[PDB]
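Inspection log for the structure reproduced underneath, given as structure tokens.
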Amino acid sequence: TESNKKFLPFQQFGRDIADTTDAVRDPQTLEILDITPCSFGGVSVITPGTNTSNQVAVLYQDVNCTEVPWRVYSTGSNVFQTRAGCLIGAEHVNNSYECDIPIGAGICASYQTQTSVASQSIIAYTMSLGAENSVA
Amino acid sequence: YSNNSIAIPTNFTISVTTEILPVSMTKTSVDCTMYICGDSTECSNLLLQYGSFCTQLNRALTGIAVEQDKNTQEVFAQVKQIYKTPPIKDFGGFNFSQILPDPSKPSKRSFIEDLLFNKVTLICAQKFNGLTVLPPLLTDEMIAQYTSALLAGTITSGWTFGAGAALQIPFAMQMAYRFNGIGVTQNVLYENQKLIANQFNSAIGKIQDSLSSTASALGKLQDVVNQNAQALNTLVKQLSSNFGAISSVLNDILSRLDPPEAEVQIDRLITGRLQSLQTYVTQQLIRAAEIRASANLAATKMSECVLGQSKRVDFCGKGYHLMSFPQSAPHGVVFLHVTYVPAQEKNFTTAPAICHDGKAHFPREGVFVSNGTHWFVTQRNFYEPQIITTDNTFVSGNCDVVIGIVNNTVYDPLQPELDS
Amino acid sequence: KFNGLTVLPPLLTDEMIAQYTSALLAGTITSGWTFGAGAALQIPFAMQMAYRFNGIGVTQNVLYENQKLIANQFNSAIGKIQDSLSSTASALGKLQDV
Amino acid sequence: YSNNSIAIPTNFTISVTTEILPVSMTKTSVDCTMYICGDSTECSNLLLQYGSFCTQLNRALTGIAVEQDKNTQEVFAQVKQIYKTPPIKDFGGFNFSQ
Amino acid sequence: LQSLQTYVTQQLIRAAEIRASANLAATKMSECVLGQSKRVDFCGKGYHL
Amino acid sequence: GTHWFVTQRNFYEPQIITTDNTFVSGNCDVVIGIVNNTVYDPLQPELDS
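Printed below as a string of structure tokens:
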């Protein structure tokens, strides 16, 4: 990409702590390109007990869901973005419950078995800390 | 010290004492092959043919992470249901706006913990080197709401919600129970309600101030965060070494060397970086066990001080203890202990017992003090004069076995009621 | 010491440590249990032990029933403790282990 | 045991016992490069060719040292003010000179 | 380096162990001395004074 | 609504306020939220004898 770091005359590459190569100068046209390796979030599988089902959801770590394309299919507009990362395979429910599977950033997932809509669904949602109850 | 000298205190003070506990650290993770090598195909083969080290490291780091999560869960877990603050504040005159959360923020934080949030608290470089950071499941908001429910229950129900169902009971009777727990009878609290209210609210204001003026008391959380961050930056800077090998960049040396000699040079470089990663993860395990120790300590406090009253001393702050209001902090928890402390001391001459009618007399609850003229029974932790009635005594034996006894009269509460 | 690995000095000397322990002991004896909570209070040791008896579950009067007797056992207790140490070395075994 | 037969103690005892505990392991410090390199010219450079170990080990050991310090200063220095024992020792039988 | 490193790791582990024992001693000192802990077989065999 | 009862903080056990399990300290203004009722006294019958 294009960087704004002002470039000294003849020094070529810009580094950081990591001894890697952070910035460069295009030798042909002296322009100061920034080098930012595109993010690689670790894939994390979200599943109920396989004794129950075989449809599961995939949680990527914090990445731009745009970067997400061995995936079989991407759920259409139901890719639910958390503060933790993109999650494909779960409809963003608002009906809060107590949560079994930790997803992070307050988000928890769980299996849901409906009568009509997705009798085998794997939902993710904002966890309820409990049944709120104030005493008089 | 003398065989008849006692000093019963007469004026007390509630005092606020903060306590700091590193309940968790930043959940950390290091993709094994990713840090060692930037996904080069030769590193793939070499690290594969090396062993199952990197999978070991992934398992250990995920264990650290899930254990930190268990810590954060259990340290606040003692909440069956999220109680909520009653709207009005008729707490006998105890201004709780600083400790309790109010809808000033869209978040349910409190005015005090904002100083924490702001005072205790380059990752772009680490984010590209495999060295990532996961987020904590219990977010700041839900941690804050757990602290809110904890404080709400602690105010409205004393300890019944720790044991069973939450039970309404006003703050007056709660302080009365706690004073009874630390010896001082309810009479002092209900005679000095307004005075103790002023003392309590003033102390809360003074601790708010003392935190607002400097960020040096909130020490240990900063030290934990710095230890973690320095470990991470050491782990990154470690990449820059050469270990005798050609250069600190794989993709570089892959150009200079054919597969054969690249094999041995990268053998050396990988042995180096991998020994370093092992060192890092070992120190991380050790600090994680230390944090879990301090977290079990925090849990013992939160389930002993907060949800009850520790008869035992110096486990909930200096002095006789009453209760403790917890508050969240970035990767930490702070307690506001409100501890009873006697302040003003008057000398008195004491008697271990009393001879009234040839038989011995012993104080059933208090101590026999005097100023020379009258003898009185008093509560062992707050000066309270009382005439010597048989209600405060239980006769036992005679006037011989006792050592240091004094002669006196013990008034009988029936004489006028016997005259008629 | 000729190969770098010196032993750093322990911060608190044996003198000040023994002084701290003497402070703890004095506060326990005379001031009762208050000195760790607030300000120290002169208060008779016999009555202090009586309060502790009331603590464990026996009524304080018992102490005054047998005051001298107690001390005897107490003092004789101390006695054995003394000889309990000089007799066998492995009675003190943790510190030596460390 | 039986449904109506209690036991009660009549005479009692005191048995002073010892409970030893460690506080501070000998706070050691190992020089990073004096041990490894025999203070030479090429070896020291070959050492600093390795990573930031010289700081790593020494830093962890300094952490051990400061933790030993805090241990010694927290397990003992809970007293507020160093107390002096009284001039006379009248405890009604509690000889304390040991 | 490998030898010194295993030494440092074992020393830090034993240091954490001593730290745990020191906190235990802190609790004992602040309960068996600064007060009277009713907890049986925390201070010592039998009721504690 | 009718009879005050003293009861421990755990299990409901009604108790008309005998002056045996009650004690006095001071006057009736320093306290807060106090209520008016005659504390029962046991010493009336056998004094009537």
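Residue numbers (PDB author numbering), protein chains in the order written: chain A, 553 to 621, 633 to 699; chain B, 700 to 820, 842 to 1140; chain C, 847 to 944; chain D, 700 to 797; chain E, 994 to 1042; chain F, 1092 to 1140.
We treat Cβ as the ideally placed atom computed from N, Cα and C, and that holds for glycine.
Straight-line gap, residue i to residue j (C-alpha atoms, nearest Å)
i, j, result
"residue 718 of chain B", "residue 1024 of chain E", "19 Å"
"residue 803 of chain B", "residue 881 of chain B", "28 Å"
"residue 1097 of chain F", "residue 1134 of chain F", "19 Å"
"residue 933 of chain B", "residue 565 of chain A", "45 Å"
"residue 834 of chain B", "residue 952 of chain B", "Position 820 is followed directly by 842 in chain B, which means residue 834 of chain B is not present among the coordinates."
"residue 660 of chain A", "residue 600 of chain A", "16 Å"
"residue 1049 of chain B", "residue 737 of chain D", "48 Å"
"residue 615 of chain A", "residue 1012 of chain E", "41 Å"
"residue 1051 of chain B", "residue 1017 of chain B", "15 Å"
"residue 644 of chain A", "residue 594 of chain A", "16 Å"
"residue 776 of chain B", "residue 869 of chain B", "11 Å"
"residue 793 of chain B", "residue 914 of chain B", "10 Å"
"residue 759 of chain B", "residue 611 of chain A", "21 Å"
"residue 886 of chain B", "residue 1140 of chain F", "49 Å"
"residue 963 of chain B", "residue 999 of chain E", "19 Å"
"residue 1045 of chain E", "residue 589 of chain A", "It is not possible to answer for residue 1045 of chain E, since the shown part of chain E is limited to 994 through 1042."
"residue 1116 of chain B", "residue 879 of chain C", "27 Å"
"residue 899 of chain B", "residue 1002 of chain E", "49 Å"
"residue 1032 of chain B", "residue 568 of chain A", "54 Å"
"residue 571 of chain A", "residue 994 of chain E", "23 Å"
"residue 1060 of chain B", "residue 1030 of chain E", "19 Å"
Residue i versus the options, residue with shortest Cα-Cα distance
i, options, result
"residue 606 of chain A", "A/645, A/692, A/685", "A/685"
"residue 920 of chain B", "B/750, B/851, B/779, B/791", "B/791"
"residue 1005 of chain B", "B/721, B/730, B/766", "B/766"
"residue 586 of chain A", "B/1033, B/1077, B/967, B/845", "B/845"
"residue 852 of chain B", "B/1008, B/908, B/764, B/876", "B/764"
"residue 949 of chain B", "B/727, B/702, B/716", "B/727"
"residue 642 of chain A", "A/621, A/653, A/683, A/696", "A/653"
"residue 867 of chain B", "B/907, B/781, B/922", "B/781"
"residue 680 of chain A", "A/694, A/663, A/656", "A/656"
"residue 856 of chain C", "D/770, D/700, D/744", "D/770"
"residue 1088 of chain B", "B/700, B/707, B/930", "B/707"
"residue 697 of chain A", "B/1102, B/858, B/779", "B/779"
"residue 734 of chain D", "D/753, D/723, D/721, D/749", "D/753"
"residue 990 of chain B", "D/749, D/712, D/730", "D/749"
Enclosing alpha helix (DSSP H) for residue i [first to last residue]
i, result
"residue 889 of chain B", "That residue, residue 889 of chain B, is in no alpha helix (DSSP H); it is neither H nor E in DSSP."
"residue 862 of chain B", "860-876"
"residue 1062 of chain B", "Looking at the DSSP string, residue 1062 of chain B is not in any alpha helix (DSSP H); the run it does join, the beta strand (DSSP E), is 1052-1071."
"residue 987 of chain B", "979-1021"
"residue 917 of chain B", "913-933"
"residue 975 of chain B", "970-976"
"residue 945 of chain B", "939-957"
Listed by chain order, chain H residues near residue i by CB distance under 7 Å
i, result
"residue 910 of chain B", "Chain labels in this structure do not include chain H; the protein chains are A, B, C, D, E and F."
For residue i, the first and last residue of its enclosing beta strand (DSSP E)
i, result
"residue 671 of chain A", "670-675"
"residue 665 of chain A", "664-667"
"residue 706 of chain B", "704-720"
"residue 611 of chain A", "609-612"
"residue 689 of chain A", "684-689"
beta-carbon residue i near the ligand MN non-hydrogen atom, thresh 8 Å
i, result
"residue 934 of chain C", "Because no ligand of any kind appears in the structure shown, any question about the ligand MN cannot be addressed here."
Any chance you could list the alpha helix (DSSP H) runs of at least 4 consecutive residues sitting entirely within the stretch 727-762 of chain B, in chain order? 731-735, 740-747
Cβ-based contacts, 7 Å cut-off: residues of the stretch 859-876 of chain C near chain E: 870, 874
With 8 Å as the C-beta to C-beta threshold (strictly closer), list the residues of the stretch 891-907 of chain C near chain B in chain order. 891, 892, 893, 896, 897, 905, 906, 907
Using a Cβ cut-off of 8 Å, which residues of the stretch 943-974 of chain B contact any Cβ in chain A, in chain order? 953, 956, 957, 959, 960, 968, 969
Which residues, taken in chain order from the stretch 703-716 of chain D, show a beta carbon closer than 7 Å to some beta carbon of chain B? none
Closer than 9 Å, Cβ to Cβ, to anything on chain C: give me those residues from the stretch 748-759 of chain D, in chain order. none
What are the residues in the stretch 776-797 of chain D lying within 8 Å of chain B by C-beta distance? 777, 785, 789, 791
Compile a chain-ordered list of the residues in the stretch 637-650 of chain A whose CB is closer than 7 Å to at least one CB of chain B. 646, 647
Within 7 Å of chain B by C-beta, residues of the stretch 1106-1122 of chain F in sequence order: 1116, 1117, 1121, 1122
Please name the residues in the stretch 995-1027 of chain B whose beta-carbon is closer than 8 Å to at least one beta-carbon of chain D, in chain order. 996, 999, 1003
Could you please tell me which residues of the stretch 1076-1108 of chain B, in chain order, have their CB closer than 7 Å to any CB of chain E? none
Tell me which residues of the stretch 601-614 of chain A have at least one Cβ-Cβ distance to chain B shorter than 9 Å, keeping chain order. 613, 614
Which ranges would you report for the beta strand (DSSP E) in the stretch 1073-1103 of chain B if only whole runs of at least 3 residues count? 1087-1090, 1095-1098
What are the uninterrupted segments assigned as beta strand (DSSP E) that are 3 or more residues long and contained completely in the stretch 564-608 of chain A, given in chain order? 575-577, 584-586, 595-598
Between the stretch 912-933 of chain B and chain F, which residues of the former have a C-beta closer than 9 Å to a C-beta of the latter? 912, 913, 914
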